[PDB]
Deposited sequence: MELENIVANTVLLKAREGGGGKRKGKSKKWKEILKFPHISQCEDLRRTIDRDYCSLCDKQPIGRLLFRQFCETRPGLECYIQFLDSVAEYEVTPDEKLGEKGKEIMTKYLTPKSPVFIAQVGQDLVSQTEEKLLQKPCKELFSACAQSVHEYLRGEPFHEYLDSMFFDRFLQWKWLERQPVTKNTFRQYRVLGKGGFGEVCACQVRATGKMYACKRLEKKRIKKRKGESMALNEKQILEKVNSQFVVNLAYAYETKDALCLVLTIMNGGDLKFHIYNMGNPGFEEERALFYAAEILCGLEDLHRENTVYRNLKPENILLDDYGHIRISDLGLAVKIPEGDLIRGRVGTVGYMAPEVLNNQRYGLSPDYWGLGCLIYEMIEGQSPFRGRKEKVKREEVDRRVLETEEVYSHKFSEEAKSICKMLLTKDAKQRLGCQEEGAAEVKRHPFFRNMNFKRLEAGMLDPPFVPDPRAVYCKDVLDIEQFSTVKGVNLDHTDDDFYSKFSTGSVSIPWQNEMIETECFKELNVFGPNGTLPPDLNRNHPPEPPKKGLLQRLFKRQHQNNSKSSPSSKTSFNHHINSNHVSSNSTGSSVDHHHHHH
């Protein structure tokens, strides 16, 4: 449902308006041709026009398909890539990958196959595109077109930008509505935080802490920040919308209570990947409980409510007794200096509760005081049933290890140690992260499961930073605004908006 005149709102500026952008945008190849979705497409599009560069994009694509190919069909896709790209006589022959790099790849196919066979060649390819092709793209009309998209990205975000619909959600410091971008017609979920309620509780450094964490993380399994803007009487965070309901509902209302182990394996795998993306920024979540794991329209999950997340300075530990009764790791209960370890404790709690249908330290049909629930977390060893395979028993107690030093995933290796645990033995993470594994439950689209101070002015300027680059560019692509607006002159000529002769 795009506005009647969304093409005027997203109308490209004339290339002469982007001079200040040209001389401020850092010219990092990985950023401009890969991380940024629209930059990636434009660079790939520039290579479509060159004969010699075309083959290098097709090969990288085919390697991406190989990485997610099943094992029994891996050596199959292996030679298919070889006979097309690594044969000296092929019309699509990769030349910059030296004869002394292909030759090894042949030997690797002569032996067993592995999902990272063409890793060496792929980097040889990227090292080439970094050189002359990238600097050519920088002087092409496609990079000028990229500067135009950046100009639009930078534009101010106001309340007009969106369209408030219904208040779907409620929490502390405000509410959560469902909004829509008028121009692109994409749905989001606002996080409307009342300004007069923040200054009172003085919780300004916690609102900026969450906003800064959300824009820096970009995970398929954590809610993503797309816009941050101020308004009269509120500060808003435009977040990923999740209509599938939370995991608590599905465990106890749709569950046995609980899920089959294989089904819990899927959610655990996606949550583990969520935490891994957070831990890449040395950021601890500290709030893992089922009601904070939401489901989308397809059945995949994201971690939500990062109000308790904090960015841990590297090589340092934090201190904070925060969270929810029953889901606080012992080191948090004791109010000790900890790191990322509470998140792996939480993961243990989640797997156990998904499988068993109740908390490991509080029976579903049990009435116990907070203090007894905590005593168990610190002294009592949880018990398992026949619902857990031996592998599931192992990961849970390894994750529920009282001493955070012997806890799974709390080593210098981190999340990789957990992905290797036999509980995920039948889980191909490459395919999971690529969204190729069908979720075990698909929600229905129609379903329904639910003052005039100056210091305050400086706090808003650091919060209302506007659109977030990667999510904004993805929005443009998803809604097909990019496909429709990214037009050039007929027959590979220069369009008028990119012509500096007549503006």
{"query": "Stretches with no C-alpha atoms in the model, relative to the deposited sequence starting at 1", "finding": "1-24, 475-489, 543-598"}
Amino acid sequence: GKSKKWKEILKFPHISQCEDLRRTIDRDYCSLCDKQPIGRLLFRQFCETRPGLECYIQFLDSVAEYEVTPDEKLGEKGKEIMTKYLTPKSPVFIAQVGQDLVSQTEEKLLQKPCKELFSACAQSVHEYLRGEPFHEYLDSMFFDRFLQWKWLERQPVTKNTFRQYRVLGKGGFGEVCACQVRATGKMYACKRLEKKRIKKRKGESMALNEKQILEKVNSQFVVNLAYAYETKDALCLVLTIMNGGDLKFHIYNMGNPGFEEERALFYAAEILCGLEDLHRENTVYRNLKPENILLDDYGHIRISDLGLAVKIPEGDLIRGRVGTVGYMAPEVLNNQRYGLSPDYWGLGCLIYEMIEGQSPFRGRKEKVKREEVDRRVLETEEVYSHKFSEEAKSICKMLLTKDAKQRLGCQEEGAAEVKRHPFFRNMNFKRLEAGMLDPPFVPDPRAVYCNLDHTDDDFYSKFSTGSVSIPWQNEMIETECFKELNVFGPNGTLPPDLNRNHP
From here on, numbers count along this sequence of modelled residues.
query: Stretch with the greater mean C-alpha B-factor as recorded in the entry, comparing 109-117 against 365-373; finding: 109-117
query: Residue range whose averaged C-alpha B-factor is higher in the record, 431-439 or 39-47; finding: 39-47
query: Top residue by Cα temperature factor, when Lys311, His135, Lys195, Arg420 are compared in the entry; finding: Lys195
query: Member of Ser385, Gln220, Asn334, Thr231 with the greatest C-alpha B factor (per the PDB record); finding: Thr231
query: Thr479 - Cα temperature factor, lowest/middle/highest third of chain; finding: lowest
query: Ranked C-alpha temperature factor of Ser469 among modelled chain residues, by third; finding: lowest
query: Modelled-residue ranking by C-alpha temperature factor, third containing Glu390; finding: lowest
query: Relative C-alpha B-factor of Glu76, binned into the chain's lowest, middle or highest third; finding: highest
query: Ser304, C-alpha B-factor rank within chain (lowest, middle or highest third); finding: lowest
